[PDB]
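What follows is a single structure, written as C-alpha cells, with notes after it.
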Amino acid sequence: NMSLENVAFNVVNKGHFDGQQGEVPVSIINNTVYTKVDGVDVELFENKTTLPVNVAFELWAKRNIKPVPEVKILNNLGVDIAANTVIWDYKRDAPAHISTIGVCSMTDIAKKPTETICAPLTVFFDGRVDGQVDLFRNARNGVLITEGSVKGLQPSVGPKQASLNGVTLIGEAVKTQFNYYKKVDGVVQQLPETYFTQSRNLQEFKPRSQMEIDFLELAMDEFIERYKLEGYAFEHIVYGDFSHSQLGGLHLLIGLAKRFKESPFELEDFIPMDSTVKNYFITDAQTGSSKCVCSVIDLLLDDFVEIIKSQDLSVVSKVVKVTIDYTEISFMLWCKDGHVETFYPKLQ
Amino acid sequence: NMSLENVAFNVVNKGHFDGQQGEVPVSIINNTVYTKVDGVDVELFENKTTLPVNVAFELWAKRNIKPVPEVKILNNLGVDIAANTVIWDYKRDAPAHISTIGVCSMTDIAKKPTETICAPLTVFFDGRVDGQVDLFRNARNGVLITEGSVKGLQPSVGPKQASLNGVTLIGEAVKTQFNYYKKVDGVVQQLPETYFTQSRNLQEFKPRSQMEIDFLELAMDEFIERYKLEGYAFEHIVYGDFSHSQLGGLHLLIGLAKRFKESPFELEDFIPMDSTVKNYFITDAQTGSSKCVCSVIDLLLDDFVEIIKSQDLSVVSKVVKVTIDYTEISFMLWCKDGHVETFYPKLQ
Amino acid sequence: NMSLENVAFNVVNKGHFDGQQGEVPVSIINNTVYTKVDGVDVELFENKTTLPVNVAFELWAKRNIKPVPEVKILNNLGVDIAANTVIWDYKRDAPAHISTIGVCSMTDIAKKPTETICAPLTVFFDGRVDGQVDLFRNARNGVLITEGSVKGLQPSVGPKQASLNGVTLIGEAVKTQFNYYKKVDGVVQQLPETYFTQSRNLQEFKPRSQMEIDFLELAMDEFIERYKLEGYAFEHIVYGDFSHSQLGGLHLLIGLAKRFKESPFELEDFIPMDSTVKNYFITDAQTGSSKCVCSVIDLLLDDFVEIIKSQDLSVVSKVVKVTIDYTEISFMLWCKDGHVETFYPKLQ
Amino acid sequence: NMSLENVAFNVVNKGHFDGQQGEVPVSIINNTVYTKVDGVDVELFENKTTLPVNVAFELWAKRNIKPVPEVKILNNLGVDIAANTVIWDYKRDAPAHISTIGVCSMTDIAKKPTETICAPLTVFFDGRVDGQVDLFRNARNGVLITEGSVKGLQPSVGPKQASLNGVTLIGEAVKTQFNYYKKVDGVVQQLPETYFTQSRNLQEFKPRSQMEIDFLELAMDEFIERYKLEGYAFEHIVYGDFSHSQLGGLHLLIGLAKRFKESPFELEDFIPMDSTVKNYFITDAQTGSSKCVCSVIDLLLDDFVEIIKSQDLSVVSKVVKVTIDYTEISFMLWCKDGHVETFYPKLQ
Amino acid sequence: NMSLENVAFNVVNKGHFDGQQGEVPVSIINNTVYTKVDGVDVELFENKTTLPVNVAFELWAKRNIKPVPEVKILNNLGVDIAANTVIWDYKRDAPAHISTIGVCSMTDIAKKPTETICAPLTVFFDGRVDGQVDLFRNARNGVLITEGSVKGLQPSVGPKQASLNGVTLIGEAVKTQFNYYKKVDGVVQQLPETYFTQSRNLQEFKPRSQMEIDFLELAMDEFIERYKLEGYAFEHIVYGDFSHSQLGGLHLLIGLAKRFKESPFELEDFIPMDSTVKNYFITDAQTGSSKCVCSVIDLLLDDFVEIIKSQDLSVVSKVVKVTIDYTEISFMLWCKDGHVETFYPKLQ
Ligand SMILES: [Cl-]
Ligand SMILES: [Cl-]
Ligand SMILES: [Cl-]
Ligand SMILES: [Mg+2]
Ligand SMILES: [Mg+2]
C-alpha cells in the first residue's frame, strides 16, 4: 500500500500523509519532487537532507504534526529513535533521527519498539498515543512524555514551550508542557534539576518577566542599579562591549535583542542546528566590532541572575557546570579582586 | 541567429531578450547559467523548472514583460499555449505553458498559430499585438484579451489587476483591465457572470472598500453589528476560531490579514502555484491552533457578503457553486436552525 | 494502483512490468533507481534519457518485449507516438517517442488513440494486439503492422528482420517480417517500392548471399572480374582508399567488415542513433588514413550492384534518389569517360 | 590524522590505503574524486554507491585486498557487517555492507566488535588476522573464517574459490579455501551439508570434471546415453528449448556456455548482484526465442546429476529444497509417467 | 558568431568543428549535451572533464584531428598550453591542458601566444601550421614540432608514432615522426639523447623486432640462452614470478602480453593517465599472485637489453637514471654476487 504516488496524493489533498487512498503523477528531478497539476509541474518538496529524495519526501510527509519536544531536548536526553512517528528537525530541514520504527520501509529497522534491534537504543515514546506508556514500561532504554500523571513513576516537568510544525510556542489552545521520564538498561532514571532555555528569536523577542521588561525598557546603568547587579559584569556579559575590534561578551539572547532594536548586526549560524548553546560569527554593523565564536544562550534573565549570583568569585578562573535542558553546560567564570570579570558558555 | 551566448548578451545588456546581436561567454553548471565578467563568473539564471537549463533560460529571457493576465485566470479559461510569447509563472518560477509557438526552437510546436498542430489547443491571443485579433477570428479554440472594443464580438470585462514582471497591480501608468473573449471549436463563447479574486498578500494587504476599511479598524462585535451580519458565522468563517487545537474557519484573506497585524502565524504553501483557492497548512504561534488544509480565498469583503447572503439556509449541508475568475468554485455550506454554521471553499 | 514501488516489484519479479501487484522499497539518487535486497541497495535502472528518472524507469519497464520494427523504419515512416505501448530505442537507451497513449500518467497525452489530441499525430498500431487494426481504421494519421492480410488494405511487405529486446534478428521461433500500412489525413497511402538495409554490425557481420560470401573470401581483382564490375569504382566505393591522408570511399558496411578482420580501426559515431545511413569519424590504425564524415549503409551487396549497374554513366555529376527503408536516399554519382568516379550516399 | 587528502595520497602511491602519511590535492565534482597530477585533474574514483562520494571513496580505498569469501556466501550466512575491514562488492561497485566497525568515522557504528551496539548484528571475523578468533568467541552473533583448525570449534569446509580484488579464483600461490564458523545468540551453529556453486562466467567458462568435458565436446544424444540420462529432461533443463517463442529450460550455466560458443545471445541481468541463483532476461539471437525470468545456477554438472538422480519421479509436482552455498534453494520438480518434465530453481 | 548551437551544428554536419555557419537546437542536462533529431534528443557529448559541460563540449569539438604527439611526451617536456589548438587527452577524456590561446572565450588566457600573459608558460607550437615557427622564435618558453628542418635550429628526432584521434600509430599515409625543439627563458635548449616507449596495448600487442618475435615464440630457458641473458634476472624482471602470494617482477609490457595470451589477469589502472611509466594493481587469475604497485614500461625489448647490459653488477643497490621519452626515469638496480637481483623502474 506504500507508494511514492500515494504519499504525494496525501500531501496535495490532506497537507500531509493521512493514510488516504489515491495516486497523483510524480516526476523526480534535481533532488526535488514534482507533481503534474493541469499539465504543469508543481514543486512539492526540495530534499535538503543526506537521504534519497523519495525517502526524505516520505519521512517529511509522515512527520509529527502535534506539539513535540524541541530537538535539543531530545538530543540532551540521548534519544536515538522515535516510536512509530517522525520528529522533523526544522532547523536542519531533515528528520531528527537516522532510522525509524514502523514508519518507512526504507528507513525502518523494526515495525514495533519491542523488537530485538531496538534494545540498545533510547526510543522516544509519546504518552498521548495509546499503548506507548505501557511500551515504555517494557522498554530497556527509552524516554517518555505525557500530559498527566503516570502511576508508579516520579515525573520531571519539562519546558513550557514545544515545537508545533517548526513553530516553538507556549500552547494556549493546545498543551505544550509535558512530564518527562527516562529509563536506562531497564532502570528508571531520576532526572536532575535543570534550567530551560526559552527558545526565542531576535526579531520576535518578547519579555517573560518584569526583570526582562525592565531590562529592555530601562538603560544599562539604571537597570544594574535597580537590581543591585554591581560587580557582576553585566555591561560585558549581557550588554556587550563594542568599543574594541573584538566584540566583548554579549552571551544572552536578550542582550542581542535589546541591541538589535537599536542597531542591526550580522549573525552567521555556522552550525545550523538546534542546540542549547548556539555559536555565531557576529559582526556589528554600527561599530565594526566582531567575534568569530560568540556563544549565546537564551535563558530567562532571572534564571541567569540566579546562576551568576550562586557562584564563588575568589578564583581567577574555573569551569562552572550548569544543568540546562537536561544536559550539563560548561561555563567559564573569570574573576578578579572578588568580582566577576566575565562569564560565558563554552563550545560543547 | 538563435544561440545561448546571444540570449545571455541580451540579458546582460538589455535586462531581457531584445533581439540584439552580440555574444558573451557562458558556462553552465549545477542547473545554473553563468557568464564571465572581467574574469569571474556571475550567475545569470538558476533553473527552477523541469526543463533543461539552457531551454528554460531562453524562455525566461523571452518572457512577456507587459501587463498580462494572472496565470490562474489563464488556467481557469483552459489556455494551453500562448501565441508568439512566453507567459512566465512567477509563482512556480517556470513557464506557464509546456510548448511555445514561434519562440524557442526546442519548445516550438509551430511557428505561427494558424498551423495544423495548434487546432486542438486553446491559444492565448493578445489584442495589443498587431494581427493577433485577426488571428483569433481564424482560430478554432482561443482566448483573446484587448484594451478596447472588438467589432462583432461581445466582450467580458476582466479583473482590475494584472501581472507585470510577477508584480500583480492595478495599473495607473499602464492599462491592466482587459476585455476577454473565448472561442471553442470555432464558435465564440459567452463568458458567464463571475467574481474576481483580489490577488492581495498578507504583508502588503490594503483595503479596497469602506467595508474592508471598517473590518480592519473596528472590532469583531462592532463590525458584525454595523453591517447586520448576525447569524452568518463571520466570527468563525472570517475571523477564525483559535480556542481549540483545530483552527476553525478563517477562509478569507482579509481575515488572515487582520490577524497577522496582531499576532504572527505560519503558512505552509504546500501547493505553490497560482490558483483561485489556495490551501495552506496554518499554525498559529500565539495559541497553537492549527489546521492541515485551510482553504483561503481573496474575495472583496462586499462580494463575499453578497454571496453568503444569497443562499438558502434551510438545509443542514449542501454544495454551493460560485463562478470566480471564470471557473466554478465549489463551496460547502453548513446550516443549523436557519443560520449559517460554516461556509468554506473546497479543495478543487 | 500505478506506483513507482509497484513498477519496481514487477521488474524484480517478472523482469519487466507484468501488471502484478506488490511493492518493494525504492531509493532514488543520482538519476539511478535502487532497491533494497537484504540490506543493500541494488541498481535497477540508470536513466540515460532526458526524462525524469522515475518516469523513464516506468517507460523502460513498460517497453515492448515482442519483435518490433527497428526505429529507423518507424522514423522513415514519420511515426511520432505509439498506441498503448512503448518502443524502446536501445541505441539511445531512451524511449523512441516523446509522449505516450494510455501508458504512463506523466507522459500520456491521451488514454485512447481515438481521442481528439491524437488526430494530427502519426500513431503506431500493432495489428498483433486485439482491436488495434480497427483503431488504425479510425485514426486520421497512423502506421499499422500486421503478420497477415487485412481485408481491403493493400499491404507493403516490410524487412525480414525486427528488433527483439534490442536484438535485431530474422526470427525463426518468432515472426519478424510484417505487412506495413500507413494513413495520412484519413487516407491510406500506398507505400513505395523500397530496398531495405540489412542492419548488421561490424563485429558479428555475416554474409547473406553468394556474392557476399565471395566478396569476403575473394581478392579485390578476383571479385571485380568475377561479377564483371570493371569501371564501377568498387576499389574506391566498397573497398576504400587508404593510400592518402584523407580516407577515400568505403561506403558499404561489408567493405568495413572485410577491412576490420585484417586490421582494426576506430569508428566514432558522433550521432548515436538508428538511421538508414550512418555517418562515422573513421581512423585507420594501420595506415593513418582518416575522414571526418564517412557515410556508411548496410545494403545487401547484390542490391547495391543492382543499384549501381542501372545508372547512366554519361554525366559528370548527378544526384540519384533511391528509396531505402521506405525513405528516399540521395546519392552523388560522379562519372568520367564512361565510368563512375564515386557513388556514395549523402550524409542527409 | 584521517583525511580525504591522505586517503588519496595512499591510493596514488600504494594503489590503496596503506596507512602512509602524506596529502595530495583533491577536487570533488559530479560524484567523482579527482587529483591534480602536474596541472590536470585525473579521475581516481567514480562513486557507484548510494553513499556520499568522499565516504565511499574512503571505504573503497580501505577494501580488503586479500582472498575473501564471495558476497553470496556472506549473504547466505546472514552477515550484516565486517570486523575492522571492508568487503567490497565488485558486482555492485559498492561496499557489501552498510556500516563499518573501526574503519571509517562516517560509517562506523563502533570501533570494536565487542561494543554493545554490535551484539544483535552478525559480525564477520577473519581468523587470518590477530585477535579476530577471540573476538568471535566473545561476539553474540558472528561468522568466522579460518585457514586451519580452531581448538574446540567444529569446522565447515567452505568452497574452493574466493574473491581476490574482484577476481574469483581457486588459489595456487594463495589459499582460497577456508573453514567456516557461525554463532547465533552466543551459541555456535552447526553449518549444514551443502553444495557450492562454481562461480564461473559465460565468456571464460572452463570445465572442471570429465563429465563437463564430455558435455561440451559431445552431442546431446551422445552425452545423454553416455551418462545414462534418459528420462531426465536434460534436452530441456540443461540444453534448453529454442523451438518456441518462449524459451524453455536452460537453467545450468554450462548449458549456456555450450550455446554461447555456437551462437551468441543477450543476457539482461535486471538484478545485478551476487547470488546463488541468478535471474536473466534472455534473448536468443539466432532463433528469436526468449524468456523474461530465466533462473540460472552454476553447479558442477556432476553435482546436478547427483541431485536430479535422487528424486522421486512418481509425483506430478513437488517442491525440492537443496542446500547450496549454505542456503536452501527451492526447485520445482515436474514429472509425468515415471520421468521428469522439468526441474528448475525458483527465482527466490 | 561563436555559440553553443553553432558548435553543435558543425559536430553533426562535419563530425567536428569546421568553422561552418548554422545552428541546431541543443538541450543541456546532467552534464551531457543533447540535440533534437526529428523529435527526440540524441546525446552528442558526455562531459568527463572538470570543466563546465558547454565549455568542454566546445574544446572537444575544436580538438586537433591531425597526428599529434602523445600527451606523455608533451608532459615530459613541460608543456602547459597549446598555441591556437586543443590537444585532447583521450586517456582522460579531457583536454590535455587547462587554458587555451585563441580557441575558446571561456578558457582563453590570450588570443595570441605573443601576448604578455603567455611568456612564463611553455607554449606548444605546431610547425605544420603557417606562422607557428615564427611564433616559437618569439616565444620565451615553448616547444615546437616540425616535419622537416628549421634553419639554424638543431633538431631532436622524436618517436616514430603519434596520436591520431586517440589512435597511436606509426603513420603510413601520414607522417607521425617529428623534429622537436624547446625554448626556456628565450634560450633554445638542446634535448637529451633518449629512448622512447613503444606505446603498445596489452590486447593488440605486436612485436617490432626479431628479438621480440623470439620472446613471444620461444620458451624462457630457450630465449635467455639464445640472447645470452644468463645472470640478468629476466625470469623475474620480464617474465615475472607468480609462485608467491606477492607478484614478483613483471615490469616490461611484452612480458605481460606473453602471459596474457596464456591466462588472463586483472589490471587496475588507479592513475588513469598517459605516462612513460605506468603503475597497475595486478591480480593473476590462475595462481592468485598479486601486487598493489606494479611498475610497467613499454620499451623495445632490444632497448631494455641494451640498457640492462651496460650496468655495473658489482654493487648491492644503485639508482640508475635513464632518459626515456625525454625524461629521466629512475631504476632500482639490485645485484648479488656478480649478477643482478632485480632492475625495475620506480613508480615516480
Ligand atoms: Cl485483402
Ligand atoms: Cl579441534
Ligand atoms: Cl638547419
Ligand atoms: Mg549594529
Ligand atoms: Mg499568532
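Chain identifiers are assigned as A, B, and so on, following the order in which chains appear in the C-alpha cells; residues are numbered from 1 within each chain, and ligands are numbered from 1 in order of appearance.
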
Inset, instruction - Over all C-alpha atoms, paired in order, superpose chain B onto chain D by least squares and report how large the RMSD is in Å. - result: 0.3 Å

Legend entry - Close residues to ligand 3 using only C-alpha atoms and all ligand atoms, limit 6 Å, as a PyMOL selection string: chain E and resi 149-153

Selected residues written out with N, CA, C and O atoms, as a tab-separated table (two decimals), in the first residue's frame:
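Ended up saving to part31.tsv:
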```tsv
chain	number	residue	atom	x	y	z
E	149	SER	N	63.29	20.33	-41.50
E	149	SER	CA	64.30	21.13	-40.82
E	149	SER	C	63.87	22.59	-40.72
E	149	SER	O	63.23	23.12	-41.63
E	150	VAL	N	64.23	23.22	-39.61
E	150	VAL	CA	64.10	24.67	-39.44
E	150	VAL	C	65.51	25.25	-39.47
E	150	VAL	O	66.41	24.75	-38.79
E	151	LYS	N	65.70	26.30	-40.27
E	151	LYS	CA	67.03	26.85	-40.48
E	151	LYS	C	67.61	27.37	-39.17
E	151	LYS	O	67.00	28.20	-38.49
E	152	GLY	N	68.79	26.86	-38.81
E	152	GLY	CA	69.50	27.30	-37.63
E	152	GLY	C	69.19	26.54	-36.36
E	152	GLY	O	69.96	26.64	-35.39
E	153	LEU	N	68.09	25.79	-36.32
E	153	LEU	CA	67.66	25.10	-35.11
E	153	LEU	C	68.11	23.64	-35.15
E	153	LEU	O	67.77	22.91	-36.09
```

Inset, instruction - Rank D:134, D:30, D:264, D:179 by their smallest atom-to-atom distance to ligand 2, using only C-alpha atoms and all ligand atoms, and report the top residue only. - result: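 Between D:134, D:30, D:264, D:179, the residue approaching ligand 2 most closely is D:179.
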
Legend entry - Interface residues on chain B facing chain E, 8 Å, only C-alpha atoms, written as a PyMOL selection string: chain B and resi 1-6+22-23+25-29+31+36+52-55+105-106

Inset, instruction - Write out as a ChimeraX atom specification all residues of segment 132-258 of chain A that DSSP puts in strand (DSSP E or B) for this structure's backbone. - result: /A:142-146,156-157,162-164,167-169,179-184,187-189,195,241,246,248,252

Shell of 6 Å around ligand 5 (only C-alpha atoms and all ligand atoms), written as a PDB file with C-alpha atoms, in the first residue's frame:
```pdb
ATOM      1  CA  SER B 263      -0.105  38.014  16.032  1.00  0.00           C
ATOM      2  CA  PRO B 264       2.150  36.108  13.617  1.00  0.00           C
ATOM      3  CA  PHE B 265       1.488  32.631  12.267  1.00  0.00           C
ATOM      4  CA  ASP B 284      -0.966  29.956  14.929  1.00  0.00           C
ATOM      5  CA  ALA B 285       2.044  30.993  17.004  1.00  0.00           C
ATOM      6  CA  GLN B 286       0.125  32.711  19.813  1.00  0.00           C
TER       7      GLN B 286
END
```

Inset, instruction - Identify, counting only C-alpha atoms and all ligand atoms, the protein, DNA and RNA residues located within 12 Å of ligand 4, and give them as a count of residues only. - result: 25

Inset, instruction - Could you pull out the residues in segment 35-271 of chain E that DSSP calls alpha helix (DSSP H) from the backbone, as an MDAnalysis selection string? - result: chainID E and resid 53:61 71:76 132:138 210:217 220:226 234:237 253:262

Inset, instruction - Find the residues near residue 270 of chain C: any atom within 9 Å, counting only C-alpha atoms, skip ones fewer than 3 places away on the same chain, and give them as a list in words. - result: residues 279, 280 and 281 of chain C; 11, 12, 15, 16, 43, 44 and 45 of chain E

The selected residues should be written to file as a short mmCIF file (atom, residue, chain, number, x, y, z; two decimals), in the first residue's frame (atoms: N, CA, C and O atoms).
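The resulting file, out_39.cif, is reproduced below:
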```cif
data_model
loop_
_atom_site.label_atom_id
_atom_site.label_comp_id
_atom_site.auth_asym_id
_atom_site.auth_seq_id
_atom_site.Cartn_x
_atom_site.Cartn_y
_atom_site.Cartn_z
N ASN C 279 26.79 8.06 -40.31
CA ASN C 279 27.98 8.87 -40.51
C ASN C 279 28.97 8.59 -39.39
O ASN C 279 28.61 8.64 -38.21
N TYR C 280 30.21 8.29 -39.76
CA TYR C 280 31.25 7.93 -38.80
C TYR C 280 32.50 8.76 -39.03
O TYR C 280 32.85 9.08 -40.17
N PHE C 281 33.18 9.09 -37.94
CA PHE C 281 34.55 9.61 -37.97
C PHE C 281 35.48 8.40 -37.89
O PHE C 281 35.59 7.76 -36.84
N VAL E 11 29.43 19.84 -35.42
CA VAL E 11 29.67 18.46 -35.00
C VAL E 11 28.76 17.50 -35.76
O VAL E 11 29.21 16.45 -36.22
N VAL E 12 27.49 17.86 -35.91
CA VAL E 12 26.56 16.93 -36.55
C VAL E 12 26.76 16.90 -38.06
O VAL E 12 26.51 15.87 -38.70
N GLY E 15 31.32 16.30 -38.29
CA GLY E 15 31.99 15.42 -37.36
C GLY E 15 32.83 16.11 -36.31
O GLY E 15 33.28 15.45 -35.37
N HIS E 16 33.04 17.41 -36.44
CA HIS E 16 33.83 18.21 -35.51
C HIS E 16 33.58 19.68 -35.86
O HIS E 16 32.76 19.98 -36.73
N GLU E 43 22.22 12.11 -27.74
CA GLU E 43 23.40 12.54 -27.00
C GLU E 43 24.56 12.80 -27.95
O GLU E 43 24.89 11.95 -28.78
N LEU E 44 25.17 13.97 -27.82
CA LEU E 44 26.34 14.32 -28.62
C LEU E 44 27.64 14.27 -27.84
O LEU E 44 28.69 14.02 -28.43
N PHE E 45 27.60 14.49 -26.52
CA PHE E 45 28.82 14.63 -25.75
C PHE E 45 28.50 14.44 -24.27
O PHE E 45 27.62 15.11 -23.74
#
```

Legend entry - Near-residue 340 of chain E list (9 Å; only C-alpha atoms; drop same-chain fewer than 6 positions) as a PyMOL selection string: chain E and resi 231-233+313-314+316+333-334

Would you put the residues from that selection into a file with N, CA and C atoms, as an mmCIF file, in the first residue's frame?
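Done, and the output landed in selection.cif:
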```
data_model
loop_
_atom_site.group_PDB
_atom_site.id
_atom_site.type_symbol
_atom_site.label_atom_id
_atom_site.label_comp_id
_atom_site.auth_asym_id
_atom_site.auth_seq_id
_atom_site.Cartn_x
_atom_site.Cartn_y
_atom_site.Cartn_z
ATOM 1 N N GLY E 231 72.224 -14.562 -15.803
ATOM 2 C CA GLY E 231 72.624 -13.651 -14.753
ATOM 3 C C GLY E 231 71.998 -12.278 -14.815
ATOM 4 N N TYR E 232 70.956 -12.089 -15.624
ATOM 5 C CA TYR E 232 70.293 -10.796 -15.736
ATOM 6 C C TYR E 232 68.858 -10.822 -15.226
ATOM 7 N N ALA E 233 68.441 -11.912 -14.578
ATOM 8 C CA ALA E 233 67.171 -11.979 -13.852
ATOM 9 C C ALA E 233 65.975 -11.686 -14.755
ATOM 10 N N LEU E 313 77.535 -4.516 -12.286
ATOM 11 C CA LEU E 313 76.893 -5.524 -11.454
ATOM 12 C C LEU E 313 77.624 -5.763 -10.136
ATOM 13 N N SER E 314 78.528 -4.865 -9.744
ATOM 14 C CA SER E 314 79.366 -5.065 -8.569
ATOM 15 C C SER E 314 78.880 -4.293 -7.348
ATOM 16 N N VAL E 316 75.539 -3.636 -4.528
ATOM 17 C CA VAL E 316 74.346 -4.282 -3.986
ATOM 18 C C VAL E 316 73.086 -3.547 -4.429
ATOM 19 N N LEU E 333 68.538 -0.883 -9.213
ATOM 20 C CA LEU E 333 69.387 -1.993 -9.631
ATOM 21 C C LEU E 333 69.885 -2.717 -8.387
ATOM 22 N N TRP E 334 69.394 -3.932 -8.177
ATOM 23 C CA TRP E 334 69.849 -4.793 -7.095
ATOM 24 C C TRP E 334 70.698 -5.909 -7.680
#
```

Excluding residue 181 of chain A and its own-chain neighbours fewer than 5 positions away, which residues fall within 12 Å of it when counting only C-alpha atoms? Please give them as a short mmCIF file (atom, residue, chain, number, x, y, z; two decimals) with N, CA, C and O atoms, in the first residue's frame.
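Listing of part_15.cif after writing:
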```cif
data_model
loop_
_atom_site.label_atom_id
_atom_site.label_comp_id
_atom_site.auth_asym_id
_atom_site.auth_seq_id
_atom_site.Cartn_x
_atom_site.Cartn_y
_atom_site.Cartn_z
N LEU A 74 15.45 16.49 23.03
CA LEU A 74 15.59 15.07 22.74
C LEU A 74 17.05 14.67 22.62
O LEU A 74 17.44 13.57 23.03
N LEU A 77 18.72 14.39 26.07
CA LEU A 77 18.31 13.17 26.74
C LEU A 77 18.85 11.92 26.05
O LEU A 77 18.59 10.81 26.53
N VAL A 79 18.11 10.70 23.01
CA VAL A 79 17.14 9.96 22.20
C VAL A 79 17.76 9.60 20.86
O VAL A 79 18.36 10.45 20.19
N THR A 122 17.76 4.26 22.69
CA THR A 122 16.88 5.06 23.54
C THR A 122 15.71 5.51 22.68
O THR A 122 15.81 6.47 21.92
N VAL A 123 14.59 4.81 22.80
CA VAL A 123 13.40 5.06 21.99
C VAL A 123 12.57 6.15 22.64
O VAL A 123 12.39 6.16 23.87
N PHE A 124 12.06 7.07 21.84
CA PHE A 124 11.19 8.13 22.33
C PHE A 124 9.74 7.67 22.26
O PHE A 124 9.26 7.28 21.20
N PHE A 125 9.05 7.73 23.40
CA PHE A 125 7.66 7.33 23.49
C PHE A 125 6.79 8.53 23.82
O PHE A 125 7.20 9.43 24.57
N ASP A 126 5.58 8.55 23.25
CA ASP A 126 4.63 9.65 23.42
C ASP A 126 3.41 9.11 24.15
O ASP A 126 2.62 8.36 23.57
N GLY A 127 3.26 9.50 25.42
CA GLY A 127 2.14 9.02 26.22
C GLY A 127 0.78 9.40 25.67
O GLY A 127 -0.22 8.78 26.04
N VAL A 133 2.72 4.37 26.69
CA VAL A 133 3.14 4.35 28.09
C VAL A 133 3.51 2.93 28.51
O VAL A 133 4.55 2.70 29.14
N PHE A 136 6.68 1.84 27.01
CA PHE A 136 7.83 2.41 27.70
C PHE A 136 8.19 1.62 28.94
O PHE A 136 9.38 1.52 29.29
N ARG A 137 7.20 1.04 29.62
CA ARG A 137 7.48 0.26 30.82
C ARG A 137 8.23 -1.03 30.49
O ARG A 137 8.98 -1.54 31.34
N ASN A 141 15.79 0.92 27.18
CA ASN A 141 16.16 2.33 27.21
C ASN A 141 15.11 3.12 26.46
O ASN A 141 14.75 2.77 25.33
N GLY A 142 14.61 4.18 27.08
CA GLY A 142 13.56 4.96 26.45
C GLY A 142 13.31 6.27 27.18
O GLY A 142 13.71 6.45 28.33
N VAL A 143 12.63 7.17 26.47
CA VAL A 143 12.20 8.46 27.00
C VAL A 143 10.71 8.61 26.72
O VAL A 143 10.26 8.37 25.60
N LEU A 144 9.95 9.00 27.74
CA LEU A 144 8.51 9.11 27.65
C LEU A 144 8.07 10.52 28.02
O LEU A 144 8.61 11.14 28.94
N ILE A 145 7.08 11.04 27.29
CA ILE A 145 6.45 12.31 27.60
C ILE A 145 4.95 12.07 27.77
O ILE A 145 4.35 11.26 27.05
N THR A 146 4.36 12.76 28.75
CA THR A 146 2.93 12.68 29.00
C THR A 146 2.40 14.05 29.36
O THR A 146 3.15 14.97 29.70
N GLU A 147 1.07 14.19 29.28
CA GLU A 147 0.40 15.40 29.74
C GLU A 147 -0.02 15.32 31.20
O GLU A 147 -0.19 16.36 31.84
N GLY A 148 -0.18 14.11 31.73
CA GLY A 148 -0.60 13.94 33.11
C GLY A 148 0.25 12.94 33.87
O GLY A 148 1.37 12.62 33.46
N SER A 149 -0.28 12.44 34.98
CA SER A 149 0.48 11.56 35.86
C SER A 149 0.57 10.15 35.29
O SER A 149 -0.32 9.69 34.56
N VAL A 150 1.65 9.46 35.64
CA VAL A 150 1.83 8.06 35.31
C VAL A 150 2.02 7.30 36.61
O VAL A 150 2.94 7.60 37.39
N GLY A 152 3.06 5.03 39.49
CA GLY A 152 4.28 4.33 39.82
C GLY A 152 5.54 4.93 39.26
O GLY A 152 6.58 4.27 39.29
N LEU A 153 5.50 6.16 38.76
CA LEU A 153 6.67 6.81 38.18
C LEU A 153 6.70 8.27 38.60
O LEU A 153 5.71 8.99 38.44
N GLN A 154 7.84 8.70 39.13
CA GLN A 154 8.01 10.09 39.53
C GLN A 154 8.31 10.95 38.31
O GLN A 154 9.21 10.62 37.53
N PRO A 155 7.59 12.05 38.10
CA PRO A 155 7.74 12.82 36.87
C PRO A 155 8.77 13.93 36.97
O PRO A 155 9.21 14.33 38.05
N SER A 156 9.16 14.43 35.80
CA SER A 156 10.02 15.60 35.67
C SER A 156 9.32 16.59 34.75
O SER A 156 8.99 16.24 33.61
N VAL A 157 9.10 17.80 35.23
CA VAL A 157 8.38 18.81 34.46
C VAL A 157 9.33 19.41 33.43
O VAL A 157 10.44 19.83 33.75
N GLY A 158 8.88 19.46 32.18
CA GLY A 158 9.68 19.97 31.09
C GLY A 158 9.48 21.45 30.85
O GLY A 158 8.93 22.17 31.68
N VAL A 187 16.22 0.35 33.98
CA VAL A 187 16.09 1.05 35.25
C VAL A 187 15.60 2.46 34.99
O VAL A 187 16.19 3.20 34.20
N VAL A 188 14.51 2.84 35.66
CA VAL A 188 14.00 4.20 35.57
C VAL A 188 15.02 5.16 36.17
O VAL A 188 15.63 4.87 37.22
N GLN A 189 15.22 6.29 35.52
CA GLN A 189 16.18 7.29 35.97
C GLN A 189 15.46 8.46 36.63
O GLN A 189 14.31 8.77 36.30
N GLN A 190 16.15 9.11 37.56
CA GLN A 190 15.67 10.34 38.18
C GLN A 190 16.35 11.50 37.48
O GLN A 190 17.58 11.66 37.57
N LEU A 191 15.57 12.31 36.78
CA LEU A 191 16.13 13.42 36.02
C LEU A 191 16.56 14.53 36.97
O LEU A 191 15.87 14.82 37.95
N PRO A 192 17.70 15.18 36.70
CA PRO A 192 18.23 16.16 37.64
C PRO A 192 17.51 17.50 37.54
O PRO A 192 16.74 17.76 36.62
N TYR A 326 18.29 19.53 30.49
CA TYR A 326 18.68 18.17 30.87
C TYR A 326 20.09 17.80 30.42
O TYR A 326 20.39 16.61 30.26
#
```
